[PDB]
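# Chains, contacts and geometry: an overview
Take a look at the letters that make up each chain.
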Amino acid sequence: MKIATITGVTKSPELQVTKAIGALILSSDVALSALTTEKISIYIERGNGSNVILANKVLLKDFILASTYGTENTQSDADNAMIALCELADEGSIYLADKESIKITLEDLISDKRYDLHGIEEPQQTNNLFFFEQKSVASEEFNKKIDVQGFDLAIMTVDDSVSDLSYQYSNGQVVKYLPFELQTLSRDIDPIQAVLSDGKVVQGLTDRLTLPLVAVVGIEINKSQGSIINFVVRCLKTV
Amino acid sequence: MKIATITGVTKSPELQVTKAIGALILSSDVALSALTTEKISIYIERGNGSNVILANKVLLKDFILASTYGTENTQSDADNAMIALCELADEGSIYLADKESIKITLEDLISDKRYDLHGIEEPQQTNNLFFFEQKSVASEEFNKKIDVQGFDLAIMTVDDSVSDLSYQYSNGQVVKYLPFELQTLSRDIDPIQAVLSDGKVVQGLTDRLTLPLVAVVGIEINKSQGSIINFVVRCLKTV
Amino acid sequence: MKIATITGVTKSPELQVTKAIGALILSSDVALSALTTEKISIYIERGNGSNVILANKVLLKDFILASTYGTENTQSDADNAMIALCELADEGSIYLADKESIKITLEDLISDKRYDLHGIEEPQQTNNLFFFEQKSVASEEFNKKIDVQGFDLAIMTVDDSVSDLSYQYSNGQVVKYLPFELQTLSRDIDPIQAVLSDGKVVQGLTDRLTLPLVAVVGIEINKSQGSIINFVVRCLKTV
């Protein structure tokens, strides 16, 4: 189904979906590397109760890269220069109750650009949903320790001020990596990140790095002053 | 082994193979998108009995796209601009009886083009074979219902007159899709469809769409007048 | 960790590693197809005992292609035109004893080129290691029979003088292939071999061919005079 087509206005209206969907399709005429500040927010609202927030002002690039990791990748077309498919459930669709509805909003758009939303529904229903969280490391701190237990993927902002990044595994061993080593390990699993319209392919962005977290309980980052490091994590859980 | 090399003549002679092969290799100097009307027909002939028809005047593009879906894709070379490998069995080769032989013919070729056939045989033998069937929707009908039970793949002609396409699953649920949604779902599984000689890659043809049918028993197509829609289906069965 | 950066000198010093690593990272500013005669040698030395040789003057191209076969492939970057990851163990790292150390050396380099080595370590430890062996067919012999039992991959030098290559399977069946058929079968499993910096991709080298050996005990090569054929084989075994 078709949800909305946004152009001209810098902010999108709160779009309400009553049909149980399972995935979202983002289409735009700008390249993946051209996204600067577009943000998305998706949440399921109940009736006489409290809302459930899956994404709260998450960057469009991070949202796209957190759902197209693996065999699949963001594609292109003659009309749309960027098409991405993002999963919201594990293997089915969201099971809506008597008074639930999905609500999607977009923030910080561009006046002379177009963005189209599509919904994908499948017969299977499931309760496992994806939750997105954000973590920040300031430009003044030297060493920062963060907890990533229970997560399976992460996206980190790439900068030249980052020196070392050390994992903490479930068995207690600690392994330290360089940014180049982390990038090589990331590209070892997913060689192609996106395909352009003319035919060229890109293996990754120049400012975002995807880290697959398997049996990782903590990450310690050592860097210097100058930039703020952003981490976006995704988890799967039952509501 | 080498079967035949055809050039100059618009029709190929009936080529007979007595060795138990397991796959076919098509090589040509034209691009995959440049194929217009080439047709192929493959059938196994018995002795004192009736023949078995696996492909009966199937389009070359459909035959190529129905066998190179997934991890593999059609490749290129310095000499040949299109190389494709098509499987005829499940995991082995055709078990020929006392008087069986394979026969392959080509129709509607081009005078100034070259087409080379190769055969691939493997030690394992199997009885499961692939059968190709064709279905048509006329340019006058608005809504058409077809049955695709027992099939695992389909190829549909792409046109701008198609409005909606609805699946019927084994559990009874009916889901309707748009052509754009179907194309996105198709490209989600197989990102790259072919690789050109210069280095560029193409994610799909401009007039053919591949649909993986899993637990699908019927397809209902709603469109307008103007074009004829062609469906090519492939099934696996024991003879 | 960082091992060494070599430039200006035609030979690299014997580099000693005391930390238990699990993989090697090769980075260079030359393209993969531009490698001509660079050779590598890696061996683990004990204390009061005999050394263990895993690679003894193996060509850089063969070493790279014998470890990047499958989903992964050699990548590129803005600074480095060739980045490759080569595994030395099965799923862990080498378990060093009380007096063991890894030693890596490079031979036949280029004066105006740069080569950087990196080490990758993971918490898991294992005893299964990879061993590389070389076989040669002279330019005078017509038919040569070689044994490849126990191996899972091979890399053969590509030349126009090779006529036929016949496998011998575990069940006794013998299947003969042409170089074109072998290349098509090789590209069927791994479509993309490397990705260039500008965006183009290459599906394989013009002088090296990768053969996946599954349940193969012998290979018989029939050719003519004119060139020397080189085979590089890799095996997994416990020390």
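Cut-off values and rules
Residues numbered from 1 in each chain as written, not as in the entry; some residues may be left out. Chains lettered and ligands numbered in written order. Heavy atoms only, no water. Pairing = 2+ DSSP bridges. Helix = DSSP H or I, 4+ residues; strand = E, 2+ residues; numbered from the N terminus. Axes fitted to C-alpha atoms, helices over the stretch in contact; angles between N-to-C directions. Buried < 20%, exposed > 50% of the residue type's maximum accessible area, 1.4 Å probe, protein only. Contact = heavy atoms within 4.5 Å. Least-squares fit on C-alpha atoms. Buried area = accessible area lost by both parts, 1.4 Å probe. Salt bridge = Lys/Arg side-chain N within 4 Å of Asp/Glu carboxyl O. Polar contact = N/O pair within 3.5 Å; in protein donor to acceptor, adjacent residues only side chain to side chain. Nonpolar A, V, L, I, M, F, W, Y, C, P; charged D, E, K, R; others polar. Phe/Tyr/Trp six-rings, centres within 6.5 Å; stacked < 30°, edge-to-face > 60°. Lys NZ or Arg CZ within 6 Å of the ring centre and 35° of its normal.

This deposited entry lists cryo-EM as its structure determination method and 3.2 Å as its resolution.

## Things to note about the sheet that holds strand β19 (residues 216–223) of chain B
Residues and elements named next belong to chain B. Taken in spatial order, the four strands of this open sheet run β12-β19-β14-β15, and their pairing is antiparallel. Looking along the sheet, the strands with just one partner apiece sit at the ends: β12 (143–147) and β15 (174–177). Averaged over all pairs of adjacent strands, the angle between strand axes in this sheet comes to 20°, irrespective of strand direction. With five bridges joining them, β12 and β19 adopt antiparallel strand pairing. Bridged to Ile146 within β19 is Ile219.

## A look at the environment of B:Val233
Residue and element names in this part refer to chain B. Along the chain, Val233 falls in strand β20 (residues 229–238). A residue is classified by how much of its surface remains accessible, and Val233, at 2% relative accessible area, is buried. Taking the C-alpha atoms as reference points, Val233 and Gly150, separated by 83 residues in sequence, lie 9.9 Å from one another. In contact with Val233, not counting residues within four places along its chain, are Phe131, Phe132, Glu133, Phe151, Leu153 and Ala154.

## A look at the relation of the copies chain A and chain C
In this structure, two copies of a chain are linked by a rotation about an axis accompanied by a shift along it. Expressed as a screw operation, the relation of chain A to chain C combines 0.0 Å of axial shift with a rotation of 120°, fitting to an RMSD of 0.0 Å. Put plainly, the chains are arranged around a three-fold axis. Every residue of chain A has its C-alpha some distance from the rotation axis, and the shortest such distance is that of A:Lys200, at 3.4 Å. An asymmetric contact is evident, with only 5% of the interface residues of chain A recurring at the interface of chain C.

## Digging into the interface of chain A and chain C
With 20 residues of chain A in contact, the opposing surface of chain C contributes 24 residues. Summing the contributions of chain A and of chain C, the shared interface buries around 1,800 Å²; its carbon and sulfur component is 59%. There are zero salt bridges connecting chain A and chain C. Summed over the shared surface of chain A and chain C, the number is four residue pairs in polar contact. Looking at the side of chain A that touches chain C, the elements with two or more residues in it are β15 (174–177) and α2 (179–189) of chain A. No other element matches α2(A), which puts eight residues into the side of chain A that touches chain C. Residue composition of the side of chain A that touches chain C, by class: 10 nonpolar, five polar and five charged.

## Describing the packing of aromatic side chains
Inspection of the entire model under this criterion finds nine aromatic pairs over all chains. Their ring planes at 90° and their centres at 5.8 Å tell us that A:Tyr167 and A:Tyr177 sit as a pair that is edge-to-face. Here A:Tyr167, found in strand β14 (residues 162–169), pairs with A:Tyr177, found in strand β15; they are 10 residues apart in sequence, far enough to count as distant. The class of A:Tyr177 is buried, set by a relative accessible area of 4%. Three or more aromatic residues joined by ring pairs form one cluster here, namely A:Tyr167, A:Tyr169 and A:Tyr177. The ring centre of A:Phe131 lies 3.9 Å from the NZ or CZ of A:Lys237, which sits over that ring. When the ring centre of B:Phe130 is taken as origin, the NZ or CZ atom of B:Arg234, which lies over that ring, is 3.9 Å away.

## A short note on the interface of chain B and chain A
If you look at the interface, chain B gives 20 residues, while chain A gives 23 residues. At the junction of chain B and chain A, the tally comes to zero salt bridges. Connecting chain B to chain A are five residue pairs in polar contact. At the level of elements, β15 and α2 (179–189) of chain B are the ones that each hand at least two residues to the side of chain B that touches chain A. Looking at the side of chain B that touches chain A, the element that brings in the most residues is α2(B), giving eight residues. Residues that form the side of chain B that touches chain A fall into these classes: 10 nonpolar, five polar and five charged.

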